[PDB]
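Below is one structure, written out as structure tokens; comments come after it.
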Amino acid sequence: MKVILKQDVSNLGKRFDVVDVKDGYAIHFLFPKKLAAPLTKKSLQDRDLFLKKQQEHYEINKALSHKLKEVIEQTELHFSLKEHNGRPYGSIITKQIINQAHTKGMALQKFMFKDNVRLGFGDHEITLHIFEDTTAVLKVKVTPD
Amino acid sequence: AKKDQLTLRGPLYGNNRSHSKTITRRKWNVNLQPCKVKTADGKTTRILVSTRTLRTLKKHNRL
Amino acid sequence: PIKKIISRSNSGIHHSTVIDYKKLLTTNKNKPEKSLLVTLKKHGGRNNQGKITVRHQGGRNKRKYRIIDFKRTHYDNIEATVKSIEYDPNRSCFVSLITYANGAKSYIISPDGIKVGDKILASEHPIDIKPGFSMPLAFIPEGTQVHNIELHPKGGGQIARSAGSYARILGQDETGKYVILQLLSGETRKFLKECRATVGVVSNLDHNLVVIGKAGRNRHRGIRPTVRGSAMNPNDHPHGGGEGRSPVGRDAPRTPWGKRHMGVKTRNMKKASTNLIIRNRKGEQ
RNA sequence: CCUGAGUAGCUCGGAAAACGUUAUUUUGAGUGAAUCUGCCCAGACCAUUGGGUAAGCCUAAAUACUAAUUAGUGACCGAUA
RNA sequence: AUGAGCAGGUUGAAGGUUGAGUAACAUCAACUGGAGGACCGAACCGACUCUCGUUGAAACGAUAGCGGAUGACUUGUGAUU
RNA sequence: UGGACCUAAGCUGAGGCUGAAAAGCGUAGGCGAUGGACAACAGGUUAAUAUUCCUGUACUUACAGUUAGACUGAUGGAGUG
RNA sequence: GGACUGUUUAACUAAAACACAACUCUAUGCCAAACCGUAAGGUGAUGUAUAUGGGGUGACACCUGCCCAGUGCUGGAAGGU
RNA sequence: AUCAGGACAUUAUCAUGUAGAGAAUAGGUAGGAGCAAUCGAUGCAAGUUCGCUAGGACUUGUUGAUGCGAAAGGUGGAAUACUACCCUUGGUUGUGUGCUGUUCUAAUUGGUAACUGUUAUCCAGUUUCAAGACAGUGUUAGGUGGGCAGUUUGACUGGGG
RNA sequence: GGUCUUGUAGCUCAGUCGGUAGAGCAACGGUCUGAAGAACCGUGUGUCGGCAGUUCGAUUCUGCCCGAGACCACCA
């Protein structure tokens, strides 16, 4: 199962530093906060090392979550569209936002399916939350052309 | 094959008795469930794993 | 609009009522387009491997299937025009070729209410309520007949597409979807209102009065003479054999595959159309 | 300090042992322990008693035979064989 | 799927064409016409039947009829259960 | 007329999808011709022979020169078969 | 008696049967039940309920009477199960 | 994951009770010659509950420190009140045993549709959409079931069974 | 029959189902039809489902049986 709980969300109150409840194949087996890791790094001698690692990642993780929040408030994205006879022509798929995310040299996730097709256009906000203490918010601007 | 592929837990190939009790054989098939295993660089596609194998791998912490 | 058949023969007659069949599927001498013509798979009623799927099939008189586009989402918001009514012997409905005015020909179903030359508009938007205007069920007003029903958003119409098929609308549901649709065969379904559908009724309403008349017409359209299960053989149905008239075997006569067939429903447990019903044939689902 | 983890055993069906499933060997599914400071086994089970260290691996031989080479043998026949 | 034959004698509904005609249709009248699981039947194939045959020339034919042939007629090679 | 061309029902089949094995579906390509497309006729010729061998006459197919004008424009698509 | 043009015991009965037309009953939303395949995959059908699968009767026309007591079927439902 | 609901035995709670006679509604058993009085009586005006229509019971102001006859006159087969038991009868915060109503996407899926590989039907990944813990899945077990099988349906007998 | 229900007048259902058996139907006394049909108003009768238990006046109350309905003919 999962023994890494650097962060915490289980659709109810649960806390980091390893505090989970049994779910089998679920959010506990799928959230980026909770991923499987071999038990060779967990023991009474390794308890303190694991706690130190969990702490270090907790502080640096909160710091990086804040910093990413501000930098996405600073750095934005680009989009464009074509129009035909006064009405929209198609639908929006997350395939293409994966494309634009990869094009810059990194990757996004798949198991966060919460969105439907966006029949509208123009500037708006896509809010995907990855962590528990600092929210991640993205602004997407689509230029009508 | 109707059996798990990564770690081959073959169906129990024995003889079956019942209210029947006849000289035959049977395969007690394995609990093929489309679960996922931990693999780097994505490629975590759904694959058939037996539930005894599933609990053994859960004890071995490989998703 | 049908007409009876006068035998005018010196050996027996027939009792047949046939449609004109030269206004729908009208080609006197047909010169089909060769760059748009295809050849189909022909097993004569058998599986692709060849094994039986239905009893004694065969007799198709060299049908050729014209390509049809039922999604109609690939040319949205573009004003097309009804260009032609193409032949389609493989179906009971003969679909219509249109051409969107960016230079894009395509096919759509043939509903009653389109004329050759009408500037039609197939788009997923609150547009004019006319046939040939494929448009989601959400903006379709209540009490209007509709066809090209589908139950998967962004999938294309599959239900209610045969010649003369239609449906009815009498309200919605408190789910943001599942608009109440009285669908044919007496099923009060609730399919998603985001689904795309064509308002109106498919052409060839005269198909409700066709009469075969001959065994020639029986075997000219993929059907073969059928035998009652009473006159079977042993090991086929228990009905056959003996003197006098052949009995009906068990208290429920069987199929040529060997299973009882009286009053039994064989609905699947994995189809997305059983839970989405208001009133079923005897129950509600 | 170590001496080999879904493996004992329990539940439903099970495969050799005389055994046609009882100790011993075996598990498709729910399960389940430790490494001697240890556990298992010992024709229910337990304590004693004894036997052994486990939940990794290879190994010739005695086990079938005489088509390739060589030689010989016959209460084998003799063309209806 | 690729193919092919159906003579001759035929029939002549409908469809279409024209005048008289009737308040108007109605009604009468006429020609193309060619549809038909349409007809006999040469080609064609089939095989319902009389006799032979039933230790046949034929592992099913010979005599004589007969069915259909403008379509449920005849039909080859390839290919499919 | 085939093969050097491809296509019918349908199939082999690089990959691929399932399945004790075995094995099945389908894909590139390749098949599947009774189809499409490809161009030649008369006279005379052996104990067996012929647009095929010879005579008088043609189509079809590219290169070496060769002179020559023209800006060629696909594999994609338009029409055709 | 059967609808007739018609088909069968491929070689006795090839018919008054069966078939056809027509009449009626049965379940089902695109893997539509139904079926096949061996899961894959696929047919029905590459059909869309004005379609597919089966059952009973059987030119045309009038009907198809009474009855759930029961089998099968149908749906519902507390409780024993 | 979440979510609440009510059930069965349900703690503690509140009301449930007439053959007549018998101050008398008679729940029964039962300690008792007891206990009601500001622990506000004999009761009432009302509210509330029950109601069989005897009227009963709890509550606020009130009756006033007096008696309660339901300690006890009297009772019947069953006698009180207080007092204790069994209740009655159901709720109820209530724990456990089976469960129901929720949503959620996150297990689970897709000849739903698209992109790319693949201008490649089989596909891989990316996805769309659809939902969604349901079903399905291995095992178990209940039922289904001549569609199907290995087979069986004794013998005697002036022939058969 | 063993996991369950279970019975009333000649019949249908209440029962102080322990103390009692009553309402409608064959039938009754009368009634109007000539008379009789046709007729309206009350009942005559009374297996309390039988055996072992309980007892104040008990097959009814409990337990066992007659039963309809449903898992239970030592073996593929």
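By convention here, the chains of the structure tokens are called A, B, ... in the order presented, each chain's residues are numbered starting at 1, and ligands are numbered starting at 1 in the order presented.
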
Residue contacts of residue 110 (chain A) (12 Å, only C-alpha atoms (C1' of nucleotides)) excluding same-chain residues fewer than 3 positions away, as a PDB file with N, CA and C atoms (P, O5', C5', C4', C3', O3' and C1' of nucleotides), in the first residue's frame:
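Generated output (result_28.pdb):
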ATOM      1  N   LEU A  30      -3.865   7.034  -5.331  1.00  0.00           N
ATOM      2  CA  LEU A  30      -3.817   7.802  -6.573  1.00  0.00           C
ATOM      3  C   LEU A  30      -3.424   9.266  -6.424  1.00  0.00           C
ATOM      4  N   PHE A  31      -3.717   9.917  -5.301  1.00  0.00           N
ATOM      5  CA  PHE A  31      -3.310  11.306  -5.129  1.00  0.00           C
ATOM      6  C   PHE A  31      -1.787  11.425  -5.170  1.00  0.00           C
ATOM      7  N   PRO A  32      -1.254  12.516  -5.729  1.00  0.00           N
ATOM      8  CA  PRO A  32       0.206  12.704  -5.718  1.00  0.00           C
ATOM      9  C   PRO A  32       0.786  12.767  -4.320  1.00  0.00           C
ATOM     10  N   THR A  94      -9.047  18.442 -22.413  1.00  0.00           N
ATOM     11  CA  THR A  94      -7.834  18.629 -21.623  1.00  0.00           C
ATOM     12  C   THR A  94      -6.593  18.085 -22.320  1.00  0.00           C
ATOM     13  N   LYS A  95      -6.763  17.385 -23.443  1.00  0.00           N
ATOM     14  CA  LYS A  95      -5.623  16.923 -24.227  1.00  0.00           C
ATOM     15  C   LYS A  95      -4.708  18.084 -24.602  1.00  0.00           C
ATOM     16  N   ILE A  97      -4.486  21.176 -23.227  1.00  0.00           N
ATOM     17  CA  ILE A  97      -3.784  21.835 -22.131  1.00  0.00           C
ATOM     18  C   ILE A  97      -2.615  20.976 -21.663  1.00  0.00           C
ATOM     19  N   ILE A  98      -2.744  19.647 -21.738  1.00  0.00           N
ATOM     20  CA  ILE A  98      -1.581  18.784 -21.539  1.00  0.00           C
ATOM     21  C   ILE A  98      -0.515  19.098 -22.581  1.00  0.00           C
ATOM     22  N   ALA A 107       5.123  18.292 -17.105  1.00  0.00           N
ATOM     23  CA  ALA A 107       3.935  17.483 -17.330  1.00  0.00           C
ATOM     24  C   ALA A 107       2.876  17.816 -16.289  1.00  0.00           C
ATOM     25  N   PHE A 113      -9.858  14.269 -12.735  1.00  0.00           N
ATOM     26  CA  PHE A 113     -10.996  14.562 -13.599  1.00  0.00           C
ATOM     27  C   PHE A 113     -12.124  15.232 -12.826  1.00  0.00           C
ATOM     28  N   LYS A 114     -12.281  16.543 -13.022  1.00  0.00           N
ATOM     29  CA  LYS A 114     -13.331  17.313 -12.375  1.00  0.00           C
ATOM     30  C   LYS A 114     -14.033  18.271 -13.327  1.00  0.00           C
ATOM     31  N   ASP A 115     -13.587  18.365 -14.576  1.00  0.00           N
ATOM     32  CA  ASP A 115     -14.044  19.383 -15.508  1.00  0.00           C
ATOM     33  C   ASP A 115     -14.893  18.775 -16.617  1.00  0.00           C
ATOM     34  N   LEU A 128      -7.263  24.070 -10.306  1.00  0.00           N
ATOM     35  CA  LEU A 128      -6.930  22.707  -9.925  1.00  0.00           C
ATOM     36  C   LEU A 128      -6.115  22.744  -8.640  1.00  0.00           C
ATOM     37  N   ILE A 130      -3.902  20.856  -5.865  1.00  0.00           N
ATOM     38  CA  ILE A 130      -3.050  19.693  -5.704  1.00  0.00           C
ATOM     39  C   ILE A 130      -2.697  19.421  -4.246  1.00  0.00           C
TER      40      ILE A 130
ATOM     41  N   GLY B  42       5.189   7.397 -16.066  1.00  0.00           N
ATOM     42  CA  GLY B  42       3.836   7.061 -16.484  1.00  0.00           C
ATOM     43  C   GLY B  42       3.666   5.563 -16.642  1.00  0.00           C
ATOM     44  N   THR B  44       1.317   3.572 -16.385  1.00  0.00           N
ATOM     45  CA  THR B  44       0.591   2.922 -15.300  1.00  0.00           C
ATOM     46  C   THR B  44      -0.775   2.408 -15.773  1.00  0.00           C
ATOM     47  N   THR B  45      -0.826   1.848 -16.980  1.00  0.00           N
ATOM     48  CA  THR B  45      -2.091   1.429 -17.567  1.00  0.00           C
ATOM     49  C   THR B  45      -2.719   0.302 -16.757  1.00  0.00           C
TER      50      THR B  45
ATOM     51  P     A H 106     -11.067  12.195  -9.407  1.00  0.00           P
ATOM     52  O5'   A H 106     -10.661  10.655  -9.473  1.00  0.00           O
ATOM     53  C5'   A H 106      -9.448  10.188  -8.890  1.00  0.00           C
ATOM     54  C4'   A H 106      -9.590   8.791  -8.339  1.00  0.00           C
ATOM     55  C3'   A H 106     -10.669   7.943  -9.001  1.00  0.00           C
ATOM     56  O3'   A H 106     -10.263   6.575  -9.023  1.00  0.00           O
ATOM     57  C1'   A H 106     -11.191   8.248  -6.703  1.00  0.00           C
ATOM     58  P     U H 126      -2.865   7.479 -21.169  1.00  0.00           P
ATOM     59  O5'   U H 126      -3.159   8.857 -21.911  1.00  0.00           O
ATOM     60  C5'   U H 126      -2.164   9.866 -21.997  1.00  0.00           C
ATOM     61  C4'   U H 126      -2.487  10.873 -23.072  1.00  0.00           C
ATOM     62  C3'   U H 126      -3.815  11.601 -22.923  1.00  0.00           C
ATOM     63  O3'   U H 126      -3.740  12.700 -22.031  1.00  0.00           O
ATOM     64  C1'   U H 126      -3.578  10.829 -25.147  1.00  0.00           C
ATOM     65  P     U H 127      -4.467  12.629 -20.601  1.00  0.00           P
ATOM     66  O5'   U H 127      -5.670  11.610 -20.837  1.00  0.00           O
ATOM     67  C5'   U H 127      -7.021  12.046 -20.806  1.00  0.00           C
ATOM     68  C4'   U H 127      -7.404  12.774 -22.071  1.00  0.00           C
ATOM     69  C3'   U H 127      -8.891  12.991 -22.293  1.00  0.00           C
ATOM     70  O3'   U H 127      -9.420  14.072 -21.549  1.00  0.00           O
ATOM     71  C1'   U H 127      -7.934  12.163 -24.274  1.00  0.00           C
TER      72        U H 127
END

Helix (DSSP H, G or I) per DSSP on the backbone: members of chain B, as a VMD selection string: chain B and resid 51 to 60

Those same residues, written as a short mmCIF file (atom, residue, chain, number, x, y, z; two decimals), in the first residue's frame with C-alpha atoms?
data_model
loop_
_atom_site.label_atom_id
_atom_site.label_comp_id
_atom_site.auth_asym_id
_atom_site.auth_seq_id
_atom_site.Cartn_x
_atom_site.Cartn_y
_atom_site.Cartn_z
CA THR B 51 -6.55 -10.40 -5.62
CA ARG B 52 -4.30 -12.77 -3.67
CA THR B 53 -1.48 -11.31 -5.75
CA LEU B 54 -3.04 -7.89 -5.13
CA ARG B 55 -2.86 -8.29 -1.35
CA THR B 56 0.65 -9.76 -1.58
CA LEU B 57 1.81 -6.77 -3.64
CA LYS B 58 0.07 -4.43 -1.19
CA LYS B 59 2.14 -6.13 1.51
CA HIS B 60 5.16 -5.49 -0.75
#

Residues of chain H within 12 Å of chain A, counting only C-alpha atoms (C1' of nucleotides), as a count of residues only: 19

Selection: 10 Å around residue 30 (chain G), only C-alpha atoms (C1' of nucleotides), excl. self and same-chain fewer than 6 positions, as number ranges by chain: C: 150, 158-159, 271; G: 47-48; H: 111

Polymer residues at most 7 Å from residue 18 (chain H), only C-alpha atoms (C1' of nucleotides), same-chain spacing of 2 or more positions, as a ChimeraX atom specification: /H:25,52,54

Mind dumping the selected residues with N, CA, C and O atoms (P, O5', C5', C4', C3', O3' and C1' of nucleotides) as a PDB file, in the first residue's frame?
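Writing done, so here's result09.pdb:
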ATOM      1  P     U H  25     -65.682   2.776  37.901  1.00  0.00           P
ATOM      2  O5'   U H  25     -64.297   2.564  37.145  1.00  0.00           O
ATOM      3  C5'   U H  25     -64.261   2.062  35.813  1.00  0.00           C
ATOM      4  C4'   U H  25     -63.233   0.969  35.659  1.00  0.00           C
ATOM      5  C3'   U H  25     -62.424   0.656  36.916  1.00  0.00           C
ATOM      6  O3'   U H  25     -62.136  -0.741  36.958  1.00  0.00           O
ATOM      7  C1'   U H  25     -60.963   1.306  35.179  1.00  0.00           C
ATOM      8  P     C H  52     -62.044   4.485  23.101  1.00  0.00           P
ATOM      9  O5'   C H  52     -63.124   3.322  23.238  1.00  0.00           O
ATOM     10  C5'   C H  52     -62.759   2.055  23.777  1.00  0.00           C
ATOM     11  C4'   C H  52     -63.693   1.626  24.880  1.00  0.00           C
ATOM     12  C3'   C H  52     -64.535   2.745  25.495  1.00  0.00           C
ATOM     13  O3'   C H  52     -65.806   2.225  25.887  1.00  0.00           O
ATOM     14  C1'   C H  52     -63.193   1.759  27.169  1.00  0.00           C
ATOM     15  P     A H  54     -69.572   5.806  31.185  1.00  0.00           P
ATOM     16  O5'   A H  54     -68.577   5.836  32.430  1.00  0.00           O
ATOM     17  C5'   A H  54     -68.768   4.986  33.552  1.00  0.00           C
ATOM     18  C4'   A H  54     -67.489   4.837  34.333  1.00  0.00           C
ATOM     19  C3'   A H  54     -66.900   6.135  34.872  1.00  0.00           C
ATOM     20  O3'   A H  54     -67.462   6.497  36.125  1.00  0.00           O
ATOM     21  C1'   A H  54     -65.221   4.916  33.722  1.00  0.00           C
TER      22        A H  54
END

Per residue of chain F within 12 Å of chain C, note the shortest atom pair and the distance in Å to one decimal, counting only C-alpha atoms (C1' of nucleotides), and order the rows by chain and increasing residue number, as CSV.
residue,atom,partner,partner_atom,distance
F:7,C1',C:39,CA,11.7
F:8,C1',C:39,CA,9.9
F:9,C1',C:42,CA,6.7
F:10,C1',C:42,CA,9.1
F:11,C1',C:49,CA,11.1
F:24,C1',C:49,CA,9.8
F:25,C1',C:49,CA,8.9
F:26,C1',C:48,CA,11.1
F:77,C1',C:35,CA,11.4
F:78,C1',C:35,CA,10.1
F:79,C1',C:35,CA,9.3
F:80,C1',C:34,CA,9.0
F:81,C1',C:34,CA,9.6

Distance in Å - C1' of residue 34 (chain H) versus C1' of residue 79 (chain H):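 Computing the Euclidean distance for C1' of residue 34 (chain H) and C1' of residue 79 (chain H) yields 14.5 Å.
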
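Near residue 63 (chain B), within 6 Å and counting only C-alpha atoms (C1' of nucleotides), sit residues 1 and 36 of chain A; 37 and 38 of chain B, not including residues fewer than 3 positions from it in the same chain.
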
Go ahead and write the selection's residues with N, CA and C atoms as a short mmCIF file (atom, residue, chain, number, x, y, z; two decimals), in the first residue's frame.
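And here's result17.cif as it stands now:
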data_model
loop_
_atom_site.label_atom_id
_atom_site.label_comp_id
_atom_site.auth_asym_id
_atom_site.auth_seq_id
_atom_site.Cartn_x
_atom_site.Cartn_y
_atom_site.Cartn_z
N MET A 1 0.83 -1.20 0.00
CA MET A 1 0.00 0.00 0.00
C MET A 1 0.86 1.26 0.00
N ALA A 36 2.86 4.80 -3.59
CA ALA A 36 3.48 3.62 -3.02
C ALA A 36 5.00 3.77 -2.95
N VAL B 37 0.03 -1.02 -11.16
CA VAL B 37 1.27 -1.24 -10.43
C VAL B 37 2.14 0.00 -10.57
N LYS B 38 3.04 0.19 -9.61
CA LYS B 38 3.91 1.35 -9.62
C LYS B 38 4.98 1.21 -10.69
#

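With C1' of residue 41 (chain G) on one side and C1' of residue 19 (chain F) on the other, the separation reads 11.9 Å.
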
Contacts of region 54-61 of chain G within 8 Å, only C-alpha atoms (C1' of nucleotides), excl. fewer than 6 positions in-chain, as a ChimeraX atom specification: /C:228-229,253-255,261-262 /G:3-4,21-26

Chain A residues near chain C (10 Å cut-off, only C-alpha atoms) as a VMD selection string: chain A and resid 83 to 91

Residue 9 (chain E) environment, 10 Å, only C-alpha atoms (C1' of nucleotides), sequence neighbours closer than 2 positions dropped, as a PyMOL selection string: chain E and resi 7+40-41

Resulting file, chosen residues, C-alpha atoms (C1' of nucleotides), as a PDB file, in the first residue's frame:
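Produced file part-v7.pdb, reproduced below:
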ATOM      1  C1'   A E   7     -36.261 -18.438 -80.402  1.00  0.00           C
ATOM      2  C1'   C E  40     -47.331 -22.768 -74.861  1.00  0.00           C
ATOM      3  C1'   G E  41     -42.766 -23.806 -76.169  1.00  0.00           C
TER       4        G E  41
END

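Here the DSSP assignment of strand (DSSP E), based on backbone atoms, applies within chain B to residues 12, 13, 14, 26, 27, 28, 33, 34, 35, 47, 48 and 49 of chain B.
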
Using 12 Å as the limit and counting only C-alpha atoms (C1' of nucleotides), can you tabulate each residue of chain B that touches chain G, with its shortest atom-to-atom distance in Å and the two atoms involved, as JSON lines?
{"residue": "B:1", "atom": "CA", "partner": "G:39", "partner_atom": "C1'", "distance": 8.6}
{"residue": "B:2", "atom": "CA", "partner": "G:39", "partner_atom": "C1'", "distance": 8.0}
{"residue": "B:3", "atom": "CA", "partner": "G:39", "partner_atom": "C1'", "distance": 11.7}

Residues of chain E within 10 Å of chain C, only C-alpha atoms (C1' of nucleotides) counted, as a PyMOL selection string: chain E and resi 1+11-14+35-39+71-72+80-81

Interface residues on chain B facing chain F, 12 Å, only C-alpha atoms (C1' of nucleotides), written as a VMD selection string: chain B and resid 1 to 3 10 to 13 26 to 27 29
